[PDB]
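Subsequent text provides structure tokens for two forms of one protein chain, presented individually as structure 1 and structure 2.
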Structure 1
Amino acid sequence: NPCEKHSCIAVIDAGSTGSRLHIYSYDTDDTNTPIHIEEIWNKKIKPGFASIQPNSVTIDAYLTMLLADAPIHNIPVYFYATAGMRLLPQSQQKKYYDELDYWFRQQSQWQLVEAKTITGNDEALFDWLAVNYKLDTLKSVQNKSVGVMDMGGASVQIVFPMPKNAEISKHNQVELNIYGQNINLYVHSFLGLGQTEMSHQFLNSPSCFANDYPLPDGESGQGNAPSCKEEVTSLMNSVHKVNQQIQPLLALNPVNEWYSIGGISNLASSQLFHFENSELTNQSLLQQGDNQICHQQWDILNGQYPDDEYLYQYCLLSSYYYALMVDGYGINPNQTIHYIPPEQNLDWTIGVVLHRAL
């Protein structure tokens, strides 16, 4: 048990498509800020917590599956839900949290600290801290601006350094002091533009599916990534105005290196895509989705690649990522976007470990 010799904390990422428990060991520097954060336990379950029947047996059984076989129980627990919960009104969210609190009260060891729906802006903050912790970029003052994107099921986040800015909402900015350095960041989350939610607007778009993919309306896929992308852009910009909100700011605060986490790490890492050095460009991403999924015959492709439950979405997802990043945020199609490998289990929960101590 590492927790006999180190501080330990459990943090649950209750995301829109599933929940992930992490138990971290850590030490602390002279200011009691965590260092040496190591993941000592990970368990993931599907589907998302906000998706399940809000009754007591359903909620208790889910929590049981997530938590009951954890090797270490007598530690602080944070259960933080993101955009899956944000789709529900507060009265309906309360049902899940009242049951969750009771479940925890009936367990011996666990110290529930907080169980709540975090704002998209806090999610963004935790996204940035988690990625910069992993990159080892927090302990000294950086020459260069690191931006972070998190592609979730129901929201997406974008977060990048920006000096305190009176022209921008207080709610879209965060100042923090960590490892003795002061950092101001712009933060934004877009609810409804996550992959699952976005996809439900385009399931009958033949451009967004491989040739002869059976669309729900009985028609056939006729894939064309540029056309699928255009359709997605209409939701990004004509509907949500992502371009108007993000591009003028990004122009004035250029990012030197972009890191992405969430569904895009899984796509980019799949067997259908070819990228080197865990990094991609949007131009390459759209060209590979177009050639390798959109223009392929669905029954043939599905037989060639049997193991990937997401295969059928890859024409649409490659088009959406481009739509979001290039037409929405205004990122150059030829700009390198780093993604973190899925095996690293990096989500924004490390940000919680660090942020509570500041």
Structure 2
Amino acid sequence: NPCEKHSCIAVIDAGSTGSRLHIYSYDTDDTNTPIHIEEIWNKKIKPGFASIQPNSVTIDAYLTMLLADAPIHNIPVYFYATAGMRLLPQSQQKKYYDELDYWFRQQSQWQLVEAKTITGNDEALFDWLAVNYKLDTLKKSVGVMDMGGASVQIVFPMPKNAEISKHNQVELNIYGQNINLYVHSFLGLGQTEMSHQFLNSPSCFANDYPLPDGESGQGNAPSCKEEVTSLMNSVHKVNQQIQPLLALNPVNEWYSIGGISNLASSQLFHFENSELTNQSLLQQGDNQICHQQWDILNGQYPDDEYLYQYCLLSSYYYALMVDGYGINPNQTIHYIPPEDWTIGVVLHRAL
């Protein structure tokens, strides 16, 4: 048993499509900081915690399902909900947490540290730490983009300044050294939530795709991008808030976690070495989905669940990274598959 020879912790990612429980074993260096972080357990249940009825029966039954069969007991647990939960009013959220609190108090096998909806900024911080641990780069400026179901996050080094809001900035000391980060999160710009604004725009789907209200897809990536861009800059003002900061704090290497990898390593996009550029992404989306005829394209992939959405998503990614953030179309973006960020919680609690 790993946890007889090592420290162990559970982190629950209470995300938008389901909850995923992670259990990690680890050692600690000279400063009681985790090293040799290894995931020893990993179970996901569906749907998201924010999408279940908020009462004792449903919640008790939900947690029981997530946690009954876990191979290690008597370890600290963190339950962290992200953007799906941020969409509910604080008053609705409290109902979920008060029942969850009562469940965890009646059991003797888990030791709950906190159960809460984390802010996207905190989410950003855990993303950055997880990736930098993973790349063995915690001793060049590293940037992280996390593309989620309901929100997206961006994080990268920036010296502290009092002109920029306190919630958008973090300082920490890490394996001996002082790192200041800018954290941002855009609620509503996740792929799932943004997409609900564009389901009727012909330019975002393959030719003759039947759109929800009866019109036909007439796919064109450049055009769909500009539509997505209207939402990013006119509404959320991504460009105005992010671009001038990147202009003063250039990033050396970009890592994207979350949904981009699902698209990138689909049967429909082709990249090598887990790297893309937005130029190639938009061009591939344009030629390989947007200008394809839906009948024929569905004909080759009649059993694939998000193919239909790939003209819009390639267009969205470009809009966000290039028109929002102001990353050069030719700048390499590395990507990690979602199959992670909860490694960031293991790390942050020992600083």
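All residue numbers here refer to structure 1's sequence, counted from 1. Think of the rigid core as the biggest set of C-alphas that the two forms share within 1.5 Å after superposition.
- Structure 1, not structure 2, represents the form deposited with ligand AMP bound.
- Of the residues 326, 37, 311, 59, just one CA atom moves 2 angstroms or more between structures 1 and 2 under rigid-core superposition; it belongs to 59.
- Comparing the forms between structures 1 and 2, the C-alpha position of residue 200 differs by less than 2 angstroms, with the core used for superposition.
- Superposition on the rigid core between structures 1 and 2 places the CA atom of residue 106 2 Å or more away from its counterpart.
- Core fit done between structures 1 and 2; CA of residue 17 shifted by 2.4 Å.
- Core superposition gives residue 244 a CA displacement of 0.3 Å between structures 1 and 2.
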